[PDB]
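A.B. asks: below you'll find the sequence and an experimental structure to go with it.
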Amino acid sequence: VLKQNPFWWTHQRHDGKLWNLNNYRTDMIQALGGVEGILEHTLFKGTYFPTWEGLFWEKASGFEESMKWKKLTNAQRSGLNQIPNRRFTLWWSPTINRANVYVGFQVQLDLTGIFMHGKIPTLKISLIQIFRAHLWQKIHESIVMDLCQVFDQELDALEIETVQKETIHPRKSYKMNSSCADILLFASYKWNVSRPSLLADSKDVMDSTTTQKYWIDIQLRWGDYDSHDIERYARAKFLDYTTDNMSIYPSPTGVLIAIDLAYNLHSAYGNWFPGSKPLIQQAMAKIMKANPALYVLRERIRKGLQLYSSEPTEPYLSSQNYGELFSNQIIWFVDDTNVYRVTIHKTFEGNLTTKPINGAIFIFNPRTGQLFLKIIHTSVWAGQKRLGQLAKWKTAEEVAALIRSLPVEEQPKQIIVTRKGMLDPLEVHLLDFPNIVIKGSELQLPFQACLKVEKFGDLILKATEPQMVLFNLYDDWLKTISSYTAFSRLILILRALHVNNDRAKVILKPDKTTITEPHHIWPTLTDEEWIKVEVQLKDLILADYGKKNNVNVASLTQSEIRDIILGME
Amino acid sequence: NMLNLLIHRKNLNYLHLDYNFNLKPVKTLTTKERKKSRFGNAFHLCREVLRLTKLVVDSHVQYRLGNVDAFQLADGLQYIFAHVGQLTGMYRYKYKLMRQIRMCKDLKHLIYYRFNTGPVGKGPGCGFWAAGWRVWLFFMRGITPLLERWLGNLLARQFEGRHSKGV
Amino acid sequence: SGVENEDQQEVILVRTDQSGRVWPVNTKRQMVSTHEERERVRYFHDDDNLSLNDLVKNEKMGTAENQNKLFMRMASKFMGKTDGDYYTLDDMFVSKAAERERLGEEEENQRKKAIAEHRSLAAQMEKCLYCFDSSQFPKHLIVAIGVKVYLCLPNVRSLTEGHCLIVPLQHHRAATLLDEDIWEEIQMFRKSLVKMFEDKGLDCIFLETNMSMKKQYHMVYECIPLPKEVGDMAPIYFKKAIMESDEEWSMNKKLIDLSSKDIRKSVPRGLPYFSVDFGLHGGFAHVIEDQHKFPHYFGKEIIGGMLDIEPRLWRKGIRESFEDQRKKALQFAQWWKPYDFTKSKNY
RNA sequence: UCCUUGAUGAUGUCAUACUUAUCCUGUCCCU
Ligand SMILES: O=P(O)(O)O[C@H]1[C@H](OP(=O)(O)O)[C@@H](OP(=O)(O)O)[C@H](OP(=O)(O)O)[C@@H](OP(=O)(O)O)[C@H]1OP(=O)(O)O
Ligand SMILES: [Mg+2]
Ligand SMILES: [Zn+2]
């Protein structure tokens, strides 16, 4: 063999590994500074992952693939020899592109507030691709508009007349030398502001009142390892911009806000007028985690880094949240479990083939009990019927069109989805409605079992035209009990329908003289009878869980029983 | 005027030399225009030397306009001479200048430690530009013949023409 | 959306990304003008068409390449030479911002991607052993049928005695790509097969090998019963052999533990993951890079070495009598009579 | 009041088969 091996004297099939370097790797991490001290040299903060634990790297989808195996002509690897190094050079870019590592002329990058020390081979391409399509300008005007719309809803708590956004020349975002005014405020009588201080300072209101005029500035930097202290940067740019002639401000009594795009740090330094510092704190904390332009920034950074993460996501509804279902907000549960349903039959050749059945979209209110059943007829499945996957898109489209037709009073605040694959299409189809929070559930609910009821099934199977049908699963319960008592009752009923589906029907209908009404779903019982049937269905859930898991239900604790019945441990 | 008369005699209307001696293309160039407009170390050495002198002379102009100060002028000149390799970029077109650049860094370490001794802290405030001034004039003492020869052969090739297989 | 009448039918043109999400697909260079009066004001040809909401949409729908499409174009021939300094690959990338050939971008995306994906998927479906209405589909190795998943038996000599498979109805290519309704029903077959082999005195090893996720292979969830005196020695073999698998000096730290994290929230949607679970306790997982130093079997080889079986079983299989020897289904169906949960009609 | 030489259904239309500014990277079948 032409290859030379250094392990010429052994083989792992026979001798074994003979060296192990995990202590070396462990205190290599501990010698470099720990993971925290290592990842500040990186663009980890620019990716905005909460933790570093489940981060997996992905060299399986780069340019070194099906093309670059057999490209041939090895003079290809003369200009494009630095292309495997791009991702690496992106990742450690806050330490490659420092002032103290390259003594150089330090040009500015193209349409950015990024400065490139020296001529790093693949860094400029990566920065052009991440700030493709004027992303600095769009990040700046999205933060100005967000801070204005924050000030567009706190008028009669402070002393105002009208906030006003200047339409300055667009080429001020990527201008480090000087700026103009990102918003101007217009106070009613006067503001005895304080003095200049920081965004995370405590106290001390004082000097002059400065009628009608108040400016903020917004400086977006691209920090490196040496300089990413955002507070010192903010105060330095304040003291330089307020005391020079190239940059002239309406009043001398305003604040600038400095945002480091590379590290997702933010701060401010200026004259804070009373009741604005604890407003701007909450505002900027909200904006740094919901801004759609910073989202494009973060996803383009992760995109270019090819770096993934299972274990953190958006924070789910998982277990400890669920008491927040019953607030004064409009919350929806959406279930598309039964949308693309299929029935299989044999042909004359014998081979099994698949014919669809009519489906439904299950929208439930966990705060009133109002139900939206959207029956999805077969005649929208004319166009694939072999694989599916457009179920997700037709479901998201119908939910978006339903919210579009719904008035603005009953529009949801949160939409909580049972199947996590819907979290991404709705997030597209609800870009028209930005205030809707879309949250996943680790707590799986038996909302598929609701179509096991004969009324729902006979409605869906016999239909020939898509229709929106209304219900209330709290039939007359809210006259006597609460929304969460009715909800836990409904979860007990639907879980017992999912488990046995017939013994629950026998126990809920033990007598012919016990009746149910055509306006309602479940039989009319007094509250003592409801206590009886709730204990009975609780027993149906727990006994069959213990049978399916070879355990006794007389040993289970209250939290374990709650996790069995309500959700999943 | 000399540098952009050299630009305009070569018909390179798509380049622009600004007033601080930064050479940038006006538009996006074809391959033929990019090969035509590549300059050498003579042009860029003269351009960066003129950048350093315009930095010095503009410091003096803002002193003489009444804009800055006497002390801030002295500290600005001391920065300029401590940071030629960070303000100009002369090193890219002649690399041996690192010999000068490191030397100025050494003088900045020598002076500041003697300057910032007692009550005086680590602020900017130090214009003692005699040392860096000497270092960058002794550089010019030897770069004068090299650049005069290089610019002379540049002009002689522009006005006489290139001899193909003469040499 | 797109139609493309494939020989009589209608197929809704859709594209899949890395993460297995399926998006609907709607339907000489001139060196545009990438400056203004002396100042550079845009890089690519369409830096003023895209709005912020349009960037959010194209960031969600957009597949995770965006370097590859440019590097394919600037890697080709007749394209000068990077001469070290003054013309690097950086300003070569700045110079290649042309004016794409009147919706040629949407043309190449739609035509290349939609047609290619459909063509590949169709071929896989046609020759898939699974996805009931296919060409091969033995149909007598079926033992179970569920709401959305079913038991099957392998088409070959079947390595061990009660070797079986847990296959979904449709192509889904991974377990992390599954929805919770399919996954909770695969877990019911798993908890029933464990209880069937535990009372028979055997043990269970559930394999899931998922190779490169762009050839559209059908998901199949192995179940290989081996005797309990060998299955208590089974995490030792897989623990030794996962760490003496893939490309040494790997990135992602081989042998992910799955004791209580159960790959759905261990391996990100999109990247290969060999995984092995021992009975009801989760075992290990191994994110696969370098698809040549990792066999597509890898689990039947470790099980086949600890049972001392010949290598013709795990690679390429041995075929059987096409109806006669394949009535081990008869033997398996009288094993799986007490533990069937998919019916109640047993009066 | 000139001036120069011939090779056996044809001709046209329709249908079928064989190679991309254009790219992706490999398996069948009997004892
Ligand atoms: O960051 P440090 O290691 O403390 O050194 C800095 C640095 O000088 P060096 O280049 O010698 O490190 C500064 O210059 P640059 O960082 O801009 O090159 C210089 O200030 P100048 O910029 O004015 O040279 C500053 O001096 P001082 O801190 O006295 O203002 C000096 O710090 P030390 O003086 O503490 O070495
Ligand atoms: Mg060449
Ligand atoms: Zn299939």
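C.D. replies: Yep, it's here. Numbers count the residues shown, from 1 in each chain, chains lettered A, B, ... in the order given. Ligands and ions are numbered 1, 2, ... in the order given.
A.B. asks: what about the residue in chain A that RNA strand D sits nearest to, which SS state?
C.D. replies: Nearest to RNA strand D in chain A, going by CB to the nearest atom of the strand, is residue A:66, at a distance of 2.9 Å. Backbone N, C-alpha and C define where each C-beta goes, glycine included. Three-state assignment for residue A:66 (DSSP: H, G, I helix; E, B strand; the rest coil): coil.
A.B. asks: burial of it, as a residue count?
C.D. replies: Close neighbours of residue A:66, defined as other CB atoms under 10 Å in any protein chain shown, add up to 7.
A.B. asks: so who does residue B:15 touch?
C.D. replies: Neighbouring residues of residue B:15 by CB atoms under 8 Å, 6 or more residues apart in numbering or on different chains: B:7, B:23, B:24, B:25, B:26, B:37.
A.B. asks: next one: residue A:58
C.D. replies: Residues in contact with residue A:58 (CB under 8 Å, 6+ apart) are A:306, A:307, A:308, C:270, C:271.
A.B. asks: out of those, who's the most crowded?
C.D. replies: That'd be residue C:271 among the contacts of residue A:58, by other CB under 10 Å, with 24 neighbours.
A.B. asks: what's the distance between that residue and residue A:300?
C.D. replies: Distance, residue C:271 to residue A:300, using CB to CB, to the nearest Å: 19 Å.
A.B. asks: cool, residue C:58 as well?
C.D. replies: 11 Å.
A.B. asks: neighbour-wise, which of these two wins?
C.D. replies: Neighbour totals were compared for residue C:58 and residue A:300, and residue A:300 leads with 21 against 12 (other CB under 10 Å).
A.B. asks: thought residue C:62 was touching the more buried one, still the case?
C.D. replies: No. Judged on CB atoms under 8 Å, residue A:300 makes no contact with residue C:62 at a distance of 9.5 Å.
A.B. asks: what about the strands in the stretch 51-200 of chain C?
C.D. replies: C:149-152, C:164-168 (DSSP state E, counting those that start in this stretch).
A.B. asks: mind checking which of those is nearest ligand 1?
C.D. replies: Closest to ligand 1 of the strands of the stretch 51-200 of chain C, according to CB to the nearest ligand atom: strand C:164-168, at 61.6 Å.
A.B. asks: which helices and strands sit right next to that closest one?
C.D. replies: strand C:149-152, helix C:180-199, strand C:221-227 (3 or more CB pairs under 8 Å, 6 or more residues apart in numbering or on different chains; DSSP states H and E).
A.B. asks: and the contacts of the second one?
C.D. replies: Right, helix C:180-199. Residues contacting helix C:180-199 (CB under 8 Å, 6+ apart): A:337, A:418-420, A:444, A:448, A:548-549, C:144, C:146-149, C:151, C:162, C:164, C:166, C:168, C:172, C:175, C:178, C:203-204, C:206, C:221, C:223, C:225, C:264, C:277, C:279-280, C:335-336, C:338-341.
A.B. asks: summarise which helices and strands the helix or strand following it is packed against.
C.D. replies: Counting by DSSP states H and E, the next helix or strand C-terminal to helix C:180-199 is strand C:202-208. Under the contact criterion of 3+ CB pairs under 8 Å, 6+ apart, strand C:202-208 touches helix C:180-199, strand C:221-227, helix C:228-231, strand C:274-278, helix C:300-306.
A.B. asks: buried residues of the longest one, list them for me.
C.D. replies: Judged by neighbour count (16 or more other CB atoms under 10 Å in any protein chain shown), helix C:180-199 contains these buried residues: C:180-183, C:185-186, C:188-198.
A.B. asks: just the last one next, same as before
C.D. replies: Buried residues in helix C:300-306, counted by 16+ other CB under 10 Å: C:300, C:301, C:302, C:303, C:304, C:306.
A.B. asks: next one: the third one
C.D. replies: Buried residues in helix C:228-231, counting neighbours by 16+ other CB under 10 Å, are found at residue C:231.
A.B. asks: just checking, what packs against it?
C.D. replies: strand C:202-208.
A.B. asks: just how off-centre is the strand it packs on within its chain?
C.D. replies: Centre-to-centre, strand C:202-208 and its host chain are 20 Å apart (CA atoms, centre = their mean, to the nearest Å).
A.B. asks: now swap in stretch A:14-21 and tell me
C.D. replies: Chain-centre distance of stretch A:14-21: 45 Å, with CA atoms, centre = their mean.
A.B. asks: and if you look at stretch B:132-152?
C.D. replies: Distance of stretch B:132-152 from its chain centroid, counting by CA atoms, centre = their mean, is 11 Å.
A.B. asks: stretch C:303-322 near chain A at all?
C.D. replies: No. Judged by CB under 8 Å from any CB of the partner chain, stretch C:303-322 makes no contact with chain A; its nearest approach is 11.8 Å.
A.B. asks: gap between the two ends of that stretch?
C.D. replies: 26 Å (CA to CA, to the nearest Å).
A.B. asks: and the helices in chain B?
C.D. replies: B:2-9, B:31-36, B:41-64, B:71-82, B:84-87, B:98-115, B:130-159 (DSSP state H).
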